[PDB]
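Asks: Below is a structure I'd like to ask you about.
What follows is calculated from the coordinates using simple rules that are stated; it is not laboratory data. When we count neighbours, we look across all protein chains shown, and the Cβ atoms used for this are built from the backbone with ideal geometry, even at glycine.
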Amino acid sequence: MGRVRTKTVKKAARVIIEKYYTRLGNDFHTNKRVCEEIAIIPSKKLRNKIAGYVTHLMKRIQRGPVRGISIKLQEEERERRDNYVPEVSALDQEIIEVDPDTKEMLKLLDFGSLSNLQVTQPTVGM
Amino acid sequence: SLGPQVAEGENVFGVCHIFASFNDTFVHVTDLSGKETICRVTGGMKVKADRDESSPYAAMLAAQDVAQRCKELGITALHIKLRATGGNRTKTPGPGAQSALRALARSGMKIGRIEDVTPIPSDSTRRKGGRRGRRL
Amino acid sequence: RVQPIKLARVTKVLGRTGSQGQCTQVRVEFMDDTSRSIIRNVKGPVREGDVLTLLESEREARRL
Amino acid sequence: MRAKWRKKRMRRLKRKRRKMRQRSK
Amino acid sequence: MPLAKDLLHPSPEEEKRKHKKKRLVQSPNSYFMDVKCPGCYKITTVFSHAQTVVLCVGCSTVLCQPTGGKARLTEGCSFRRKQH
Amino acid sequence: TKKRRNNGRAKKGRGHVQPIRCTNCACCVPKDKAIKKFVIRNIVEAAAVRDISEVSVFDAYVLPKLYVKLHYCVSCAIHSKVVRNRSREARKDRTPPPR
Amino acid sequence: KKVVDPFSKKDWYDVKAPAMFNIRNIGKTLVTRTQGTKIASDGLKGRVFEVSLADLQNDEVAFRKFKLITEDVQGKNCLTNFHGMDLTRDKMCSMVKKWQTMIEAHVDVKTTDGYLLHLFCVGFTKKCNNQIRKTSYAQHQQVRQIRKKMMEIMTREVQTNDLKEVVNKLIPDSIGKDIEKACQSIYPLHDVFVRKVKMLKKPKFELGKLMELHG
RNA sequence: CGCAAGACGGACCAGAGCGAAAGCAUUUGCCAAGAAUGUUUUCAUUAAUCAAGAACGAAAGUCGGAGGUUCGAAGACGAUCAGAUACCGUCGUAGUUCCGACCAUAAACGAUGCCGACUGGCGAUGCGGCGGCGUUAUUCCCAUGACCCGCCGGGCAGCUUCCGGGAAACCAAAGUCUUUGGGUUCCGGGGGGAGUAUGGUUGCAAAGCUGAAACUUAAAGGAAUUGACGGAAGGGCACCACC
Ligand SMILES: [Mg+2]
Ligand SMILES: [Mg+2]
Ligand SMILES: [Mg+2]
Ligand SMILES: [Mg+2]
Ligand SMILES: [Mg+2]
Ligand SMILES: [Mg+2]
Ligand SMILES: [Mg+2]
Ligand SMILES: [Mg+2]
Ligand SMILES: [Mg+2]
Ligand SMILES: [Mg+2]
Ligand SMILES: [Mg+2]
Ligand SMILES: [Mg+2]
Ligand SMILES: [Mg+2]
Ligand SMILES: [Mg+2]
Ligand SMILES: [Mg+2]
Ligand SMILES: [Mg+2]
Ligand SMILES: [Mg+2]
Ligand SMILES: [Mg+2]
Ligand SMILES: [Mg+2]
Ligand SMILES: [Mg+2]
Ligand SMILES: [Mg+2]
Ligand SMILES: [Mg+2]
Ligand SMILES: [Mg+2]
Ligand SMILES: [Mg+2]
Ligand SMILES: [Mg+2]
Ligand SMILES: [Mg+2]
Ligand SMILES: [Mg+2]
Ligand SMILES: [Mg+2]
Ligand SMILES: [Mg+2]
Ligand SMILES: [Mg+2]
Ligand SMILES: [Mg+2]
Ligand SMILES: [Mg+2]
Ligand SMILES: [Mg+2]
Ligand SMILES: [Mg+2]
Ligand SMILES: [Mg+2]
Ligand SMILES: [Mg+2]
Ligand SMILES: [Mg+2]
Ligand SMILES: [Mg+2]
Ligand SMILES: [Mg+2]
Ligand SMILES: [Mg+2]
Ligand SMILES: [Mg+2]
Ligand SMILES: [Mg+2]
Ligand SMILES: [Mg+2]
Ligand SMILES: [Mg+2]
Ligand SMILES: [Mg+2]
């Protein structure tokens with residue numbers, strides 16, 4: 001048997017999805033026609049294997065993103081999550097409080113407010 | 001082969017002494033004191049080729065031959081004292097050890113407290129073999 | 001020196017041991033007390049689930 | 001060994017020769 | 001070590017961590033102190049690393065003890081460093 | 001050429017160490033150059049433990065362990081696959097193999 | 001001895017244990033019945049039985065094997081007496097481990113009776129709960145002081161006692177329990193036992209003193 | 001179950017310790033010795049390395065006594081093999097052990113003289129001292145011990161790197177070297193003949209120390225690279241391989 005697609009079958013199927021993503025549905029016999037229209041595959045046997053990897057990749061891409069294919073419609077949802085996140089309109093705030101040996105680090109840099117104190121358990125970690 | 005005058009609930013105890021060298025294995029069995037002895041079977045009685053005298057099958061053939069004889073008298077439960085060769089030697093039990101021990105739990109007896117006993121020296125004499133060892 | 005036959009059912013196939021890889025390691029039940037279990041070495045082509053026949057259930061073979 | 005045994009053979013021949021010489025005189 | 005440390009003016013707190021022979025001028029780690037026992041009252045002055053059993057010139061059977069290093073006092077009160 | 005920084009031995013700051021006999025070869029190797037192995041195993045086998053725990057006279061019995069300390073000559077320790085020859089730079093790992 | 005069926009000439013016996021122990025029935029022995037001159041009661045003495053502790057108190061640990069010799073027979077009853085304790089092997093072998101210090105001592109002593117004992121002790125330094133150094137080693141003088149204390153305690157607790165009172169201390173091991181608390185201001189010493197006792201010399205019989213124990 | 005004998009001190013036991021090196025492990029006592037550490041003690045150049053000379057020196061071996069458990073050169077057999085005077089097996093003399101005299105060698109190795117100066121980082125580890133929050137033990141104490149966090153000496157080592165060096169493997173010394181000189185002792189000069197011959201000397205002996213030449217030869221050698229091979233290891237494969 002074998003059935004380990006060669007790198008010339010796993011590179012067509014990767015370019016095709018990038019260029020034509022909105023045609024390539026999820027069944028095999030329609031993809032076998034779209035692929036025959038868009039590119040020039042000089043054989044029937046090769047055309048079918050390319051169109052058969054396209055379907056695998058399509059089923060996988062209807063989940064999370066795959067690391068060889070950069071499609072337009074799935075960039076923008078990452079671009080969003082980098083532009084901002086649903087969590088906060090405030091900063092994670094300046095109103096935060098700390099403990100000793102830093103009050104004296106500031107006493108030589110001149111701060112005077114919004115802090116706390118607790119002298120830690122009296123020997124190094126255990 | 002009479003025994004004690006009680007047989008109903010309690011268990012008349014005994015002691016095994018499984019000696020399990022390479023080359024051969026003995027299943028003894030004695031009374032609770034150790035002094036007086038009962039049937040003793042050794043792997044080389046059960047098989048007829050020297051190379052087999054220590055093997056799991058020769059040991060399983062001996063454990064039963066001792067269990068049937070003990071059950072014939074009074075002894076229902078057994079204590080176990082497991083022996084390797086010891087004395088500046090292998091001090092790890094041979095191939096019959098595990099095999100004879102399971103073969104009398106299965107053939108009727110009841111196992112008591114099991115212990116390891118093998119002579120271990122506090123720096124013994126010089127071991128046979130030569131300074132360059134027994135090379136193969 | 002007299003033991004009845006026992007019938008075991010194969011529950012799992014482990015690997016193909018032996019020097020030419022001829023015999024097969026297998027784990028069996030016992031069909032009267034399904035609690036028991038041993039590892040045996042068979043000679044033909046075992047599948048899974050079929051009833052072997054043991055002439056001495058006490059052994060337990062451990063290699064080739 | 002071959003250095004060890006060369007040394008040993010030379011030693012035994014030297015013993016034989018010394019014995020012959022000093023027994024001659 | 002920064003490749004530019006200046007040696008003519010060491011740290012007033014590092015100059016005291018190095019061995020007594022290895023600092024710019026040698027200087028002992030010992031000192032003198034005025035012990036003052038309870039009871040009989042005299043101001044006998046003792047070396048630190050004493051290595052002798054000293055006595056108070058009066059009502060004491062002992063006043064300090066020898067050890068591997070600094071002497072350990074029994075009950076000596078003041079023991080001020082004498083600072084000359 | 002030199003093959004090990006420590007000569008394949010533990011001795012540093014010492015003249016002599018008392019020898020010790022191999023456990024199968026009966027050879028005679030230094031106590032720091034021999035290959036040691038502690039072995040802790042049940043007196044019963046793991047196949048048998050469910051049968052022996054079934055015909056005890058007592059209700060709770062945890063079976064005894066067998067403590068043995070073994071020493072191997074190098075030839076016998078290599079013939080019994082206790083250790084294997086390693087790559088040249090992969091020779092300088094001291095941590096014992098992962099369990 | 002291969003005359004016909006040498007097991008149809010044996011008689012079974014009982015074996016009792018001194019009145020300190022709860023389960024007072026050790027088990028059974030057997031012996032060729034009285035013949036021309038080798039009277040059986042001769043053959044039933046000097047038999048040593050090694051008995052785990054759990055088969056005596058029913059409530060204590062499974063190590064601490066005791067030993068009991070028989071001294072006289074009274075109509076199918078073998079009456080026995082103390083002979084010396086030991087410890088089972090694997091407990092011992094499983095205490096001895098690396099990065100420690102095994103301290104050992106031993107003494108010879110008498111009871112108020114002529115019973116001359118020969119005791120043995122053993123202890124192990126402790127890794128303190130909060131430690132980080134991989135080793136818990138003791139210096140040599142600390143070891144020596146610990147040994148002095150271990151010999152001294154272990155001799156006091158026997159010299160002032162009859163055989164029965166010392167066996168009563170051996171049963172729960174108050175001896176090692178005390179030493180573990182005494183030697184704690186030198187090195188914590190997390191494990192202390194009395195690993196063996198040998199009986200060296202024993203005084204005259206005195207049947208009545210025996211029956212004191214079995215009363 | 002008990003008696004006797006001789007040797008051996010396991011597990012703890014470590015890239016730990018001590019000693020000038022060879023070497024050194026059951027408890028307790030006696031005898032002198034020592035490094036490191038602490039010091040606002042004392043003398044004031046007393047030092048470093050060393051021909052001559054001198055102490056110790058594993059195992060084997062020699063001589064005279066005592067002893068003789070295990071192991072075992074030589075030896076007698078049984079196997080294995082073409083043969084087996086060998087590897088393997090049973091037995092066994094000298095020996096192995098102690099006392100008194102000899103012997104002076106070893107891959108006696110870190111294959112690396114000793115003394116002194118300077119040049120990176122990091123953690124640990126054995127000894128001593130100093131500082132410090134807790135925890136723990138005894139009399140509730142303080143003193144002291146076990147632990148935890150640092151610092152200072154000198155010790156056995158380890159990791160790390162383009163300090164630098166080297167033919168390279170590699171080395172914090174085997175560095176500070178054509179930019180060559182801190183002090184001093186032993187010792188090498190292509191390969192063999194050869195640590196042989198001979199003379200001297202020491203030894204009861206076995207042997208040690210000192211030690212040539214004739215003649216013969218174009219290489220012998222060191223570190224590293226690529227193959228080929230292995231009765232070396234880990235994966236995988238083929239009815240011209242097996243089952
Ligand atoms: Mg070989
Ligand atoms: Mg090589
Ligand atoms: Mg040293
Ligand atoms: Mg050195
Ligand atoms: Mg040496
Ligand atoms: Mg002795
Ligand atoms: Mg020991
Ligand atoms: Mg030490
Ligand atoms: Mg000289
Ligand atoms: Mg010698
Ligand atoms: Mg000798
Ligand atoms: Mg002489
Ligand atoms: Mg003799
Ligand atoms: Mg011969
Ligand atoms: Mg041949
Ligand atoms: Mg022959
Ligand atoms: Mg031989
Ligand atoms: Mg022999
Ligand atoms: Mg000599
Ligand atoms: Mg001399
Ligand atoms: Mg030499
Ligand atoms: Mg040399
Ligand atoms: Mg230097
Ligand atoms: Mg310290
Ligand atoms: Mg240090
Ligand atoms: Mg470079
Ligand atoms: Mg460095
Ligand atoms: Mg350095
Ligand atoms: Mg270093
Ligand atoms: Mg240099
Ligand atoms: Mg230079
Ligand atoms: Mg210089
Ligand atoms: Mg030359
Ligand atoms: Mg030639
Ligand atoms: Mg030459
Ligand atoms: Mg020369
Ligand atoms: Mg001469
Ligand atoms: Mg001369
Ligand atoms: Mg002469
Ligand atoms: Mg010369
Ligand atoms: Mg080469
Ligand atoms: Mg392989
Ligand atoms: Mg195939
Ligand atoms: Mg063919
Ligand atoms: Mg075929």
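Asks: Using Cα atoms only, what is the angle between the long axis of helix A:72-83 and the major principal axis of chain A, expressed in degrees (0 to 90) to the nearest 10?
Replies: With rounding to tens, the tilt is 0 degrees.
Asks: Give me the Å³ per residue figure for the convex hull around the C-alpha atoms of segment A:51-98.
Replies: So the per-residue Cα hull volume is 125 Å³.
Asks: Same structure again: Kindly list the residues of segment A:54-92 that lie in the label zone of A:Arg33, defined by a backbone N under 14 Å from the point 7 Å along the Cα-to-C-beta vector.
Replies: The answer is none, because no backbone nitrogen lies closer than 14 Å to the label point.
Asks: Between the alpha-carbon centers of segment G:138-204 and segment B:44-96, tell me the distance in whole angstrom.
Replies: Answer, in whole Å: 41.
Asks: Divide, for segment G:8-215, the radius of gyration over alpha carbons by 2.2 N^0.38 Å, where N is the residue count. Please list the in-between numbers first.
Replies: On the way: Rg = 20.4 Å, N = 208, 2.2 N^0.38 = 16.7 Å.
My calculation over the Cα atoms of segment G:8-215 gives 1.22.
Asks: Rounded to the nearest angstrom and ordered from largest down, what semi-axes does the equivalent ellipsoid of segment G:98-187 get from its C-alpha gyration tensor (root of 5λ)?
Replies: Listed largest to smallest, the semi-axes of segment G:98-187 are 29, 13, 10 Å.
Asks: Quick one: Karplus J couplings for segment C:47-64, per residue in order, coefficients 6.51, -1.76, 1.60, θ = phi - 60°, nearest Hz, x for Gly and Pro?
Replies: Computed from phi, the couplings for segment C:47-64 are 9, 8, x, 7, 7, 6, 8, 10, 8, 7, 6, 7, 5, 7, 5, 10, 6, 3 Hz.
Asks: While we're looking at this one, here's another question. Tell me the relative contact order for segment F:1-98 as a rounded percent, counting alpha carbon contacts under 8 Å between residues six or more apart.
Replies: That works out to 28 percent.
Asks: At a threshold of 8 angstrom on Cα-Cα distance, excluding pairs fewer than six apart, so keeping six or more, what relative contact order does chain E reach in percent? Intermediate results must be reported in sequence, preceding the final value.
Replies: Values: 117 pairs, mean separation 20.4, N = 84.
Computed over chain E, the figure is 24 percent.
Asks: Sticking with this structure for a sec: Got a sec to turn the phi values of segment B:87-104 into Karplus ³J(HN,Hα) couplings, 6.51 cos²θ - 1.76 cosθ + 1.60 with θ = phi - 60°, whole Hz, x for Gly and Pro?
Replies: Working through the residues one at a time gives x, 6, 9, 3, 6, 9, x, x, x, x, 4, 4, 7, 6, 4, 5, 7, 10 Hz.
Asks: For n ≥ 4 DSSP H runs only, could you compute -39500 (n - 2.57) per run for chain A, divide by its residues and tell me the 222 nm figure to the nearest 500?
Replies: Computed ellipticity for chain A at 222 nm equals -14000 deg cm²/dmol.
Asks: Continuing with this model, one more query. Suppose the Debye formula is applied to equal point scatterers at every Cα of segment E:31-82; what is log10 I(q)/I(0) at q = 0.13, 0.31 Å⁻¹?
Replies: Taking Cα atoms of segment E:31-82 as identical point scatterers yields -0.25, -1.36.
Asks: While we're looking at this one, here's another question. Taking H placed 1.01 Å from N in the peptide plane, check which residues at least 5 places from F:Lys37 or on another chain put their amide H under 5 Å from its amide H.
Replies: F:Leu70
Asks: Along segment E:24-39, what does the Karplus equation 6.51 cos²θ - 1.76 cosθ + 1.60 (θ = phi - 60°) give for ³J(HN,Hα), rounded to whole Hz, x for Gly and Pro?
Replies: Per residue, the Karplus-derived 3J(HN,Hα) values read 3, 10, 5, 7, x, 9, 6, 7, 10, 8, 8, 6, 9, 5, x, x Hz.
Asks: Leaving out same-chain residues fewer than 8 places away, which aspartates and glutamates sit with a Cα under 13 Å from that of A:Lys72?
Replies: A:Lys72 reaches A:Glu18.
Asks: Please give, to one decimal in nm, the separation of the simple spin-label points placed at F:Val62 and A:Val66, each 7 Å out from Cα toward the Cβ.
Replies: 5.5
Asks: Further question on the same structure: In a Gaussian network model over chain A where Cα atoms closer than 10 Å are linked, find which of A:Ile16, A:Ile40, A:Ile50 has the largest mean-square fluctuation.
Replies: A:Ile40
Asks: Let me ask you something else. Taking the alpha-carbon set of segment C:3-64, what are its Rg and Dmax in Å?
Replies: 11.2, 35
Asks: Which of G:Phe82, G:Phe193, G:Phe205 moves the most in a Gaussian network model of chain G with Cα springs under 10 Å?
Replies: Most flexible of the set in this elastic network: G:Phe205.
Asks: Among A:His29, E:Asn29, F:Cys27, whose Cα projects farthest towards the positive end of the dipole of the protein assembly as shown, with charges put on the beta-carbon of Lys, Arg (+1) and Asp, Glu (-1)?
Replies: My answer, from the dipole projection, is F:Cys27.
Asks: Just want the ordering: A:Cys35, E:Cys40, B:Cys16, from fewest to most Cβ atoms lying within 10 Å of their own Cβ.
Replies: Working: A:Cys35 22, E:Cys40 10, B:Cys16 26.
In increasing order of surrounding Cβ atoms, one gets E:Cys40, A:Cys35, B:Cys16.
Asks: Show which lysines lie in cross-link reach of A:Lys10 when reach means a straight Cα distance below 19 angstrom and same-chain residues fewer than eight apart are skipped.
Replies: By straight Cα distance, A:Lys10 reaches A:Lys19, A:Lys32, A:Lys44, A:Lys45, A:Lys49, A:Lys59.
Asks: Show the residues, 5+ positions off or on another chain, whose built amide H is closer than 5 Å to the amide H of B:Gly14.
Replies: Residues meeting the criterion, in which the H sits 1.01 Å from N, are B:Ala77, B:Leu78, B:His79.
Asks: Please arrange C:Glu48, E:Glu13 by how many other C-beta atoms lie within 10 Å of their C-beta, fewest to most. Before the final figure, lay out the partial values.
Replies: Details: C:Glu48 10, E:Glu13 7.
Fewest to most other Cβ atoms nearby, the residues stand as E:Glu13, C:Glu48.
Asks: Ranking B:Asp24, G:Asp113, A:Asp27 by Cβ neighbours within 10 Å, fewest first, what do you get?
Replies: Going from least to most buried by this count: A:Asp27, G:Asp113, B:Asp24.
Asks: Based only on Cα atoms, what mean projected area does the convex hull of segment B:69-136 have, in nm²?
Replies: Quarter of the Cα hull surface area: 6.9 nm².
Asks: To the nearest Å, what is the center-to-center distance of segment A:45-78 and segment E:14-84, using C-alpha atoms only?
Replies: After rounding, the separation between the Cα centres reads 86 Å.
Asks: Here is a further query. Just need the relative contact order of chain G here, percent rounded to a whole number, with Cα pairs under 8 Å and 6+ apart.
Replies: Across chain G, relative contact order equals 19 percent.
Asks: Follow-up question, since we're still on this one. Using Cα-only point scatterers and the Debye equation, what is log10 of I(q)/I(0) for the protein assembly as shown at each q in 0.08, 0.11 Å⁻¹, rounded to two decimals?
Replies: The Debye formula, applied to the Cα set alone, gives -1.05, -1.33.
Asks: To the nearest 10 degrees, how steeply does helix A:9-19 sit against the main Cα axis of chain A, on a 0 to 90 scale?
Replies: Tilt of helix A:9-19: around 70 degrees.
Asks: Excluding the sites themselves, what is the longest stretch of chain B that contains no trypsin sites (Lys or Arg not before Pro) in a DSSP loop with at most 10 other C-beta atoms within 10 Å?
Replies: Working: sites that count: B:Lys48, B:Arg126, B:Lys128, B:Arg131.
My reading of the result: B:49-125 is the longest stretch.
Asks: Tell me which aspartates and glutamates have Cα within less than 19 Å of A:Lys107's Cα, excluding those fewer than 8 residues away on the same chain?
Replies: Once the sequence-local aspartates and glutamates are set aside, what remains near A:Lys107 is A:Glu94, A:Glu97, A:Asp99.
Asks: Turning to a different aspect of this structure: At a Förster distance of 41 Å, what's the computed FRET efficiency of A:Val98 paired with E:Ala4, Cβ-Cβ distance as r, to 0.05?
Replies: Calculated transfer efficiency: 0.75.
Asks: Okay, next question. At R0 = 41 Å, how high is the FRET efficiency between E:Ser11 and E:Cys77 if r is their beta carbon distance? Nearest 0.05 is fine.
Replies: After rounding to 0.05, the efficiency reads 0.70.
Asks: Using Cα atoms only, what is the angle between the long axis of helix B:56-71 and the major principal axis of chain B, expressed in degrees (0 to 90) to the nearest 10?
Replies: In chain B, helix B:56-71 runs at an angle near 30 degrees to the longest axis.
Asks: Here is a further query. Can you tell me the equivalent ellipsoid semi-axes for chain A? Use √(5λ) from the Cα gyration tensor, largest first, whole Å.
Replies: Largest first, chain A gives 60, 19, 11 Å.
Asks: To the nearest 0.05, how large is the calculated FRET efficiency for B:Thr37 and C:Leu14 if R₀ is 35 Å and r is the Cβ-Cβ distance?
Replies: Efficiency for this residue pair is about 0.20.
Asks: Just E:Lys16, E:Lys70, E:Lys42 to compare: in a GNM of chain E, with alpha carbon springs under 10 Å, which one fluctuates most?
Replies: With Cα springs under 10 Å in chain E, the top fluctuation among E:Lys16, E:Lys70, E:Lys42 is at E:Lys16.
Asks: Out of residues 5 or more away from G:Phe193 or on other chains, whose amide H comes under 5 Å of its own, with H placed 1.01 Å from N in the peptide plane?
Replies: Residues meeting the amide H criterion: G:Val122.
Asks: For the pairs F:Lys3/F:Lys92; F:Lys92/G:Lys98; F:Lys3/G:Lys98, flag any whose C-alpha to C-alpha distance is greater than 19 Å. Provide the component values of the computation, followed by the final result.
Replies: Values: F:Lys3/F:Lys92 11 Å; F:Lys92/G:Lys98 24 Å; F:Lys3/G:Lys98 30 Å.
Beyond 19 Å between Cα atoms: F:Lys92/G:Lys98; F:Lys3/G:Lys98.
Asks: Compute the Rg/Rh shape ratio of segment F:1-98: radius of gyration over Kirkwood radius, all on alpha-carbon atoms. Could the numbers behind the result be given before it?
Replies: Numbers: Rg = 19.4 Å, Rh = 17.0 Å.
In segment F:1-98, Rg relative to Rh is 1.14.
Asks: Please report Rg (one decimal) and Dmax (integer) in Å for the Cα set of segment B:2-136.
Replies: Computed over the Cα atoms of segment B:2-136, radius of gyration and Dmax are 16.7, 61 Å.
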